[PDB]
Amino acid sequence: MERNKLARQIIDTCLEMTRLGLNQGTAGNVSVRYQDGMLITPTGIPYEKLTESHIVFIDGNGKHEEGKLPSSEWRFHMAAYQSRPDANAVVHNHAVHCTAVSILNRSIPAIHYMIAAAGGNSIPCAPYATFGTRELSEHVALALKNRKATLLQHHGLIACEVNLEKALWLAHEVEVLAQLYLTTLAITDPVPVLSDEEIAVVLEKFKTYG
């Protein structure tokens, strides 16, 4: 839990996120909870030019390290941390499938049992607001109250977890769910879904096993 070791992980996540195809238009940003604020990726630096020294610390008051510019989307990383105390890492991206569903402003219903990984029977879509604004931050905080991931209308996705590895994994899983929903929707509307009781059993089962 040394800063430089947290800085590397953040960087490895950016690289890996790219490897998985979630980092298109190189618009993602990643952060972790640290001290009284967070460590986040900087604005204006393509992932492959990133070194541990580029990682920016932002305290709990919204004040950042001198001489360093944090991601232009840092504000909702702070909203996520304040909304979900258990969240230790946040991954945001503009993955294509998640984004297309968010353009239709639809939530992703229970078309697959893995939807329980985000905490319930759906992946919500928070209403649109200009990036970097406090109003966008509010919509995000409200959607994450009972879910670990949310689509953001005409924008992309935010997923949070207890560490970077799980957060990355969740984000990747929502992208798959997103592609599954668009694919079936083009054939039939609405898409068949699993019932609320059936999702209740899977949730209980995930609580049991891990």
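Throughout, we count residues from 1 along the sequence that is shown.
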Averaging only over Cα atoms, indicate whether 172-180 or 58-66 has the higher B-factor in the PDB entry. 58-66
Which has higher Cα B-factors on average according to the PDB entry: 189-197 or 10-18? 10-18
Specify which of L144, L152, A27, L164 carries the largest Cα B factor in the deposited PDB entry. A27
Please say which third, lowest, middle or highest, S31 falls into when its CA temperature factor is compared across its chain. lowest
Taking the entry's C-alpha B-factors for this chain, is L157 in the lowest, middle or highest third? lowest
Would you check the entry's CA temperature factor for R75 and let me know if it's in the chain's lowest, middle or highest third? middle
Third of the chain's Cα B-factor distribution that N105 belongs to, per the entry: highest
